[PDB]
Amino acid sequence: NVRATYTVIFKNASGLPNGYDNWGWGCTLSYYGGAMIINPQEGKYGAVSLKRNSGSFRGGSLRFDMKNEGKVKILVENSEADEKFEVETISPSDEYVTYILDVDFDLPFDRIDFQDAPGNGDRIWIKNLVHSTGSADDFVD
């Protein structure tokens, strides 16, 4: 079979997802009209870090809508091993864009990070975050 398991982390955010903590640094988190808004401080390379309290994801792909004033680095991490893995760096956009990214990390992951890579304080807006156990090329919304 080709069928995946799709985990909806959040659709329209007005607060944190059930069963997640924020282990982020160097930013203020707020919400508007269903979007999670990251407001990083200049010089801190700030990020949101969504921490799954119980369990872990393995491989698969991450799907989300994002708009962003600057370049944004996407990472995943394993909190037990304390290892991190850089998935992609995404260019700036004034409009929301849908991304579907393969996660090639060789460990399970319980942290998903969206980071202000240039460290200039550029804001980030996220909607519609979903994990699939399958590949990005096989992802059906």
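Counting begins at 1, following the sequence as shown.
Between 5-13 and 117-125, the higher mean Cα B-factor belongs to 5-13. Ranking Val76, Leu62, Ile90, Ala35 by the C-alpha B-factor listed in the PDB entry places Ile90 at the top. For the set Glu42, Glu80, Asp106, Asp110, the PDB entry assigns the largest Cα B-factor to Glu80. Ranked by Cα temperature factor within the chain, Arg52 sits in the highest third according to the deposited record. Per the PDB record, residue ranking by Cα B-factor puts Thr98 in the middle third of the chain. In this PDB entry, the Cα temperature factor of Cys27 sits in the top third of its chain's modelled residues, the highest group.
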